[PDB]
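All values below were derived from every heavy atom in this structure, side-chain atoms included, with hydrogens, water molecules and symmetry-related copies excluded. Sequence positions, counted from 1, serve as the residue numbers for this chain.
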Amino acid sequence: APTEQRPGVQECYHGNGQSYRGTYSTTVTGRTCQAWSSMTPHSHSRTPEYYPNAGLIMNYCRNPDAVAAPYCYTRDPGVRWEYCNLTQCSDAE
């Protein structure tokens, strides 16, 4: 009889994560991402209007402008943006 929570498949990004369209929404330090369509607390230009094919919905980690890895602005006024707590798929190899 099982005594461990059902296995969870980790999310991971390929390449630099420009193709990432998963649901992860937490930064490397555990902070909660700000929604892309929100301008509070941080104003920015990474909007779905300006990156219409980048999947900039909700507050999911994304890489619309092809930086090093998926990222987000955070909801904390003291922290503008962070890379997300996401590993590269190739790490498990």
Participant: Give every residue pair that meets the disulfide bond (SG atoms under 2.5 Å apart) criterion with at least one member in residues 13-47, sequence neighbours excluded.
Facilitator: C33-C72
Participant: Would you indicate whether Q10, at its atom CD, is surrounded by more than 12 heavy atoms from other residues, nucleotides or ligands within a distance under 6.0 Å?
Facilitator: no
Participant: What's the verdict on side chain to side chain contact (heavy atoms under 4.5 Å, CB included) for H42 and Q34, showing C-alpha distance, side-chain angles and the deciding distance?
Facilitator: CA-CA 8 Å; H42 312 288; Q34 170 185 319; 3.3 Å; yes
Participant: Quick check: closest heavy atoms across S45 and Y51, and the distance to 0.1 Å?
Facilitator: O-CE1, 3.5 Å
Participant: Side chain to side chain contact (heavy atoms under 4.5 Å, CB included), that's the test. Do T32 and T26 meet it? Break it down for me.
Facilitator: CA-CA 5 Å; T32 303; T26 298; 5.5 Å; no
Participant: Say you draw a straight line from CG of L86 to OH of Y24; how long is it, rounded to the nearest 0.5 Å?
Facilitator: 6.5 Å
Participant: Establish whether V28 and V67 are linked, either directly or via other cluster members, by ILVMFWY side-chain heavy-atom contacts under 4.5 Å.
Facilitator: yes
Participant: I want to check something: taking the side chain as every heavy atom from C-beta on, are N16 and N63 in contact at a cut-off of under 4.5 Å?
Facilitator: yes
Participant: So, for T27 and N85, which heavy atoms are closest and what is the spacing to 0.1 Å?
Facilitator: O-CB, 3.3 Å
Participant: Got a second to check how far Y60's OH is from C84's SG, nearest 0.5 Å?
Facilitator: 12.5 Å
Participant: Would you list the pairs meeting salt bridge (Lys or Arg N to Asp or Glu O under 4.0 Å) in which at least one residue belongs to residues 58-86, sequence neighbours left out?
Facilitator: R31-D76, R46-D65
Participant: Hey, what do you get for CD (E11) to SG (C89), rounding to the nearest 0.5 Å?
Facilitator: 9.5 Å
Participant: Which pairs count as ring pair (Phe, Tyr, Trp, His ring centres under 6.0 Å) when at least one residue sits in residues 65-93, sequence neighbours excluded?
Facilitator: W36-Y71, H44-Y73, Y71-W81, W81-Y83
Participant: Check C12 against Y20 and note the closest heavy-atom contact, atom names and distance.
Facilitator: O-CD1, 3.9 Å
